[PDB]
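> Build me a model from this:
(chains A and B, ligands or ions: 8)
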Protein chains: 2
Amino acid sequence: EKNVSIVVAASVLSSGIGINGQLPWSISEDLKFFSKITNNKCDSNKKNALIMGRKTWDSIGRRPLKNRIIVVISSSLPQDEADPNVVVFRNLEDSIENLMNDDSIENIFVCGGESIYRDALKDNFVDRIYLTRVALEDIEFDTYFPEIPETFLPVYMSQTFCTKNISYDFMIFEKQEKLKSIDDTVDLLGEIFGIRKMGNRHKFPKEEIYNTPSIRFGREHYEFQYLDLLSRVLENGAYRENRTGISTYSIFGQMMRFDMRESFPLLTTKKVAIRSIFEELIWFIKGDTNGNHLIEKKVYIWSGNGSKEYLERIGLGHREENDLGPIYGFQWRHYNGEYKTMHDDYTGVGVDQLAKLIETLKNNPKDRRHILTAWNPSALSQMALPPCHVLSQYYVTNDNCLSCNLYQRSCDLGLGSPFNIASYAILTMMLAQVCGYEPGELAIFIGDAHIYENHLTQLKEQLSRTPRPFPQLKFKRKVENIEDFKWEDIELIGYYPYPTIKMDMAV
Amino acid sequence: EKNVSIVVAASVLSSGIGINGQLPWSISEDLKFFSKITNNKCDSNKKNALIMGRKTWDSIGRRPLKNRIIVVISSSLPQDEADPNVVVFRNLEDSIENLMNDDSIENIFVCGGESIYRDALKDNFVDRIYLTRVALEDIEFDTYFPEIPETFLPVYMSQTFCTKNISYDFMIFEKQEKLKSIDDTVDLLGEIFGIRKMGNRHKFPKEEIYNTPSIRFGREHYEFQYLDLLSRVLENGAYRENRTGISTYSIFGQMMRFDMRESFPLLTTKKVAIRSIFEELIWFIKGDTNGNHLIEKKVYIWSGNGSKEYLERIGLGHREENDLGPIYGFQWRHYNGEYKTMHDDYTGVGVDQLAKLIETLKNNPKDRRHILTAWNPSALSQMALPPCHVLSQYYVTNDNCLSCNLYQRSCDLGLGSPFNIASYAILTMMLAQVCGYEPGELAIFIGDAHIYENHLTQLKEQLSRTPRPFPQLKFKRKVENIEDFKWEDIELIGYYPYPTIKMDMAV
Ligand SMILES: NC(=O)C1=CN([C@@H]2O[C@H](COP(=O)(O)OP(=O)(O)OC[C@H]3O[C@@H](n4cnc5c(N)ncnc54)[C@H](OP(=O)(O)O)[C@@H]3O)[C@@H](O)[C@H]2O)C=CC1
Ligand SMILES: NC(=O)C1=CN([C@@H]2O[C@H](COP(=O)(O)OP(=O)(O)OC[C@H]3O[C@@H](n4cnc5c(N)ncnc54)[C@H](OP(=O)(O)O)[C@@H]3O)[C@@H](O)[C@H]2O)C=CC1
Ligand SMILES: CN(Cc1cnc2nc(N)nc(N)c2n1)c1ccc(C(=O)N[C@@H](CCC(=O)O)C(=O)O)cc1
Ligand SMILES: CN(Cc1cnc2nc(N)nc(N)c2n1)c1ccc(C(=O)N[C@@H](CCC(=O)O)C(=O)O)cc1
Ligand SMILES: Nc1nc(=O)c2c(Cc3ccc(C(=O)Nc4ccccc4C(=O)O)cc3)c[nH]c2[nH]1
Ligand SMILES: Nc1nc(=O)c2c(Cc3ccc(C(=O)Nc4ccccc4C(=O)O)cc3)c[nH]c2[nH]1
Ligand SMILES: O=c1[nH]c(=O)n([C@H]2C[C@H](O)[C@@H](COP(=O)(O)O)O2)cc1F
Ligand SMILES: O=c1[nH]c(=O)n([C@H]2C[C@H](O)[C@@H](COP(=O)(O)O)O2)cc1F
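Numbers count the residues shown, from 1 in each chain, chains lettered A, B, ... in the order given. Ligands and ions are numbered 1, 2, ... in the order given. See the structure here:
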């Protein structure tokens, strides 16, 4: 028995694959993907067979594919022995004669329209599925890819790629059937030493809290860098109290890694409020600490830490209603500046870290001191809340890309973390355009990674959703100064998330 | 054809296993390891056979081991059928009849003295070796474990454990003989997209720069967290210039993780100057920036950045010879203090972060703001060198352990990194004793991880050395204040490193 794999490129939601006898898109890299997989063989004196329907055979110009033998399923095509690279069969079952008879065929690929896909799955001929999920859904389709049967399980999901501002993935599905001593030794050592063995302090998450657990070795989509951290906290998190009335499950010392070259790290397993994230970031960039300016733009994330009852509770009753004090955006633009109120004019006072960062990224790109800090011990007592994202470093690669590292001392994985991922991604892209670079990578290093106990049912629901390709984010215009960005300048392309999940903030 | 494994506990350097008819040590957990490994079986109605010499049979009191059959090799013991749990054979080869005849034996273990080990290896009877490396060498031995033949390769090396201040490892050696489509798909995607696929920017290190490459899935010893970072830089490092004349190979965004409960992360692949590391750390704690105080104690690590030629070169010619300026230990003890010279009295000026950190660690252990920073933009111009270890956070676990996270913007993997690993480990243990806790974990997050080009032959030599168990570090007395620590108070137990490697610092 030889292998029979399905190759298909379908839309991410409705699984559309065609329109009016052709594809709904033109993605060059996806065709090169089709070519390399269908040519991938082990024996030199053998070829692969590509099965396709007649309409698909028409759509490719009715011309052969090099180094391969095309098999056309048709009820009315002549079975002429003229073309040795193209053969015609009357039904799909007969065309699977290559298995038993033809020993010159190594592997078999099904890749030819809805009619052939649906019959190849209903008759249980397919061993593996190569799916290319494309992020295009507000268009018209007339040919779809059938629903994948439950007998298949995902084993691979690539990172998100981008062609002509279109996001797409690459997945592999395997059909289900019915080193040995190293794992045993580690288990025995774990029985002897309790939590003395550090592995037992970092236990692998159980399958019941592992997002898409059938993907073991192919967890390439960088949203798994966030989802697996959720799983790691649910497994190893210590129940601990904190300044709020809501206890958490907390571990210490974690990291996440994200790409920004070919996609934008906005979570797809939950609809993330991208507008509020931006309006908070430009609020930091402008140097503003007036909490009213966010409420005037219908952004209330800082209303909890900016009520008169909260400020008098922490010893800042002399402060105005939403005067959050010297915080993010006051240490960015006026570091070590004497803070009075939020209405005063601070032009010239303090150290403008953001300005020095932009000027250093352009004049000395390979400098190792592109640092933006917000942890100022002399001003902590005056802040409405100590900074969570305390320090960030930036890096110019040899191909003119801008990467970013962030250390955040405390991380609300339910609310703050999805914001921190997107917020510092936008900041890096802003810094890249003003400095003339392209976006690079984003790494976030976390101290107290925790989950609030009132987010448990919500985050467990989020872990039940298999991720979708990351969207794209582009700027509509090039700005003179970094302060000039507006919400209308941001174009979010290809974002098809799961429904939003409500989670209450702990004050 | 059953399995024949060797179980042995030998010294780390000389491979001593016995003295005067008994063990050179008493490690309880190692006996539980011997028991669990020799009892590990698959069939309920089968037993394992334990082969041992006569003198070894004497050393265990001539009493049986539960659920197992002991096989004694002796030329003079009576072959009485009285005891069914003990059988005697006249030579080692005859006793390997367990393979052909007794189908009631599942696995075979050789574990009985130098004479049996050497004959079992010279006759090629052993399939696998379970080695427990013990860090005790300045004692007396009379029975040794033979040199492991080249036909064996290590496949596992556990973390370092500790019993009665003795460090030890657990290794597995396999004998050499004569998830398939996922790797193919990822390789094809790497051909289509160049450095567009993030995996190609983080290529797995080649075997020629991978320390002990035969250990694929068992790289548990946390010195591999440092050695693999060296391998990762040699593979992906971009050749970049910097403020010095010595270029580096640099990557961005890396992390290392170390245990501190059962061992001390002092590198064994190179003899690390631990005294200089400590004398620099207490120099930081005391708040001292006078570089002469380190030179007076024969510690010259800061002499390069504190020469009259270097200081005048970077615009500090007004400064005294070794006046390094407000640096580590001046932001620790006197944050935001106006720095004059190194001779002035700074008692009372600035924010004492170290004092507040200790007081916060004791009074509010689960607080999420145990932060010690050294990045002060207002003082960077006055420093002889901006801080490399810029910010650190501390964490109290539910079992009264103190963990530490460090963000390092720039990392000299040849010189600074071995110091940074050990230094912040010592600092965390000092903070743990003054606050009444035990050492926890150490995680180091790195920005610009690089290797200087004049360290290439040296670090490749270091990568050729298989690691040894981490040592132990204990304090001889409980101190009143953290400033009271002295070098004589530190006892380094079980440190048997490889010879030191000379590497020049880039000024
Ligand atoms: N995104 C992707 O990966 C792909 C998309 N497509 C798109 O899908 C569309 C085409 O698919 P689709 O509409 O389903 O047409 P098909 O490609 O499935 O071709 C159908 C033809 O195959 C023959 N056929 C099908 N079933 C049988 C049967 N049971 N017995 C005998 N003959 C059979 C018939 O030929 P006959 O009339 O001669 O009897 C039929 O007309 C196009 O738009 C194409 O571009 C196609 C391939 C891949
Ligand atoms: N750290 C560890 O893992 C272990 C350490 N040890 C230690 O090592 C020491 C003992 O080892 P060791 O000194 O080598 O003594 P052995 O344990 O190897 O026993 C030797 C005896 O086995 C018999 N024997 C050996 N070879 C032959 C042969 N070719 N034909 C017939 N009989 C043979 C002889 O018994 P006879 O004289 O009756 O003929 C010989 O005296 C002890 O200190 C023990 O504690 C032991 C086991 C494990
Ligand atoms: C059958 N078909 C429709 C089509 C389009 N995109 C797809 N995409 C995927 N992922 N899977 C499919 N089955 C698929 N099929 C095809 C098949 C081949 C070519 C084609 O020109 N292939 C060249 C591509 C050459 C190149 O781009 O380098 C080859 O050599 O295979 C176009 C459409
Ligand atoms: C043959 N021998 C010497 C000895 C000591 N340490 C070793 N350590 C290792 N790693 N490997 C060996 N072969 C070894 N052998 C032995 C064998 C068994 C026991 C013993 O008492 N074993 C108990 C373990 C008792 C316990 O768990 O405390 C068992 O149930 O097997 C002591 C010494
Ligand atoms: N404990 C604690 N956690 C914090 O995150 C935090 C912040 C920042 C912040 C970030 C995000 C939110 C928030 O509500 N996000 C949302 C989530 C889902 C759907 C919609 C939204 C939406 O905002 O529309 C609130 C606050 C300041 N102070 C804090 N304290
Ligand atoms: N560029 C750059 N790199 C740095 O590491 C650095 C430091 C800290 C430091 C740390 C270590 C050394 C050093 O020489 N270590 C050794 C290594 C092997 C064997 C012996 C020694 C020994 O000292 O005895 C020098 C300096 C201050 N300023 C710096 N600038
Ligand atoms: O950007 C943010 N990210 C974040 O994770 N938090 C959460 C983390 C923690 O749950 C809470 C309070 O921090 P702490 O209790 O350490 O003072 O703020 C707040 C932000 F503003
Ligand atoms: O504790 C230290 N750790 C460290 O890694 N360096 C190295 C890193 C780098 O090679 C150099 C400073 O880089 P730069 O001056 O360009 O920021 O010092 C120096 C220390 F003092």
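
> Which residue ranges of the stretch 51-200 of chain A form helices?
Remark: helices assigned in the stretch 51-200 of chain A by DSSP state H, counting those that start in this stretch are A:54-59, A:92-95, A:97-100, A:113-122, A:180-192, A:198-201.

> Could you see whether ligand 7 lies near the longest helix along chain A?
What stands out as the longest helix in chain A, according to DSSP state H, is helix A:416-435. Yes. Where contact is defined by CB under 6 Å from any ligand atom, part of helix A:416-435 touches ligand 7, namely A:416, A:420. Every residue, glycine included, has its C-beta placed from N, CA and C.

> Is the helix or strand that comes right after that helix in proximity to ligand 5?
Next along the chain after helix A:416-435, taking DSSP states H and E as the criterion, comes strand A:438-452. No. No part of strand A:438-452 sits near ligand 5 under the criterion CB under 6 Å from any ligand atom; the closest distance found is 7.5 Å.

> by how many degrees do strand A:438-452 and helix A:416-435 diverge?
Interaxial angle, strand A:438-452 versus helix A:416-435 (axes from the mean of the first three to the mean of the last three CA atoms, to 10 degrees): 160 degrees.

> Touching, residue A:411 and residue A:452? I think so.
No. Residue A:411 is not in contact with residue A:452 according to CB atoms under 8 Å; the separation is 11.3 Å.

> For the residue nearest the centre of chain A, grab phi and psi.
Taking CA atoms, centre = their mean as the criterion, residue A:223 is the residue nearest the geometric centre of chain A, at 3.7 Å. With angles defined as degrees, to the nearest 10, residue A:223 sits at phi -70, psi -20.

> who are the neighbours in contact with it?
Shown in contact with residue A:223 (CB atoms under 8 Å, 6 or more residues apart in numbering or on different chains): A:265, A:267, A:268, A:269, A:467, A:470.

> Now render these as TSV, adding distance to residue B:458.
TSV is the format used below for the contacts of residue A:223 (distance: CB to CB, whole Å):
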residue	distance to residue B:458
A:265	38
A:267	44
A:268	46
A:269	47
A:467	44
A:470	42
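
> Let me know the closest of the residues you listed to residue B:294.
residue A:265 (44.5 Å; CB to CB).

> Could you report the neighbour count for the closest one?
24 (other CB atoms under 10 Å in any protein chain shown).

> So it: helix, strand or coil?
coil (DSSP: H, G, I helix; E, B strand; the rest coil).

> What separation do you get for the residue nearest to the centre of chain A and ligand 5?
As judged by CB to the nearest ligand atom, to the nearest Å, residue A:223 and ligand 5 stand 16 Å apart.

> again, but for residue A:148
Residue A:148 is 30 Å from ligand 5, by CB to the nearest ligand atom.

> hmm, back to that, residue A:411 and residue A:452 - which one has more neighbours?
residue A:411 (26 against 22).

> Can you name the residues that contact the more buried one?
Contacts of residue A:411 (CB under 8 Å, 6+ apart): A:254, A:388, A:417, A:420, A:446, A:447, A:448, A:449, A:450.

> try 7 Å this time
Each residue near residue A:411 by CB atoms under 7 Å, 6 or more residues apart in numbering or on different chains is listed here: A:417, A:446, A:448, A:449, A:450.

> Tabulate these in JSON lines, adding columns for distance to ligand 1.
Shown next, in JSON lines, are those (distance: CB to the nearest ligand atom, whole Å):
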{"residue": "A:417", "distance to ligand 1": "36"}
{"residue": "A:446", "distance to ligand 1": "40"}
{"residue": "A:448", "distance to ligand 1": "46"}
{"residue": "A:449", "distance to ligand 1": "40"}
{"residue": "A:450", "distance to ligand 1": "44"}
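
> is it true that residue A:393 lies in a strand?
Yes. The assignment for residue A:393 by three-state DSSP puts it in a strand.

> Run a quick neighbour tally on it.
29.

> and the gap between it and residue B:330?
Note on residue A:393: its distance to residue B:330, by CB to CB, to the nearest Å, is 22 Å.

> Also residue A:374?
Counting by CB to CB, the gap from residue A:374 to residue B:330 is 21 Å.

> cool, and residue A:107?
For residue A:107 relative to residue B:330 (CB to CB), the value is 68 Å.

> So if I had to pick from these two, which one is more boxed in?
residue B:330 (25 against 22).

> State the helix or strand in which that one lies.
Residue B:330 belongs to no helix or strand when assigned by DSSP H and E.

> Next up, the contacts around the residue nearest to it when sequence neighbours are not counted.
The spatially closest residue to residue B:330, leaving aside those adjacent along the chain, is residue B:289, at 5.2 Å (CB to CB, 6 or more residues apart in numbering or on different chains). Neighbour list for residue B:289: B:324, B:325, B:326, B:327, B:329, B:330, B:342 [criterion: CB under 7 Å, 6+ apart].

> Wait, the second one touches residue B:386, no?
No. The pair residue B:325 and residue B:386 does not pass the contact test of CB atoms under 7 Å, sitting 10.5 Å apart.

> give me the residue from the stretch 251-400 of chain A nearest ligand 3.
residue A:262 (17.2 Å; CB to the nearest ligand atom).

> in chain A, what residue is nearest ligand 7?
residue A:416 (2.6 Å).

> Please name the residues that touch that residue.
residue A:388.
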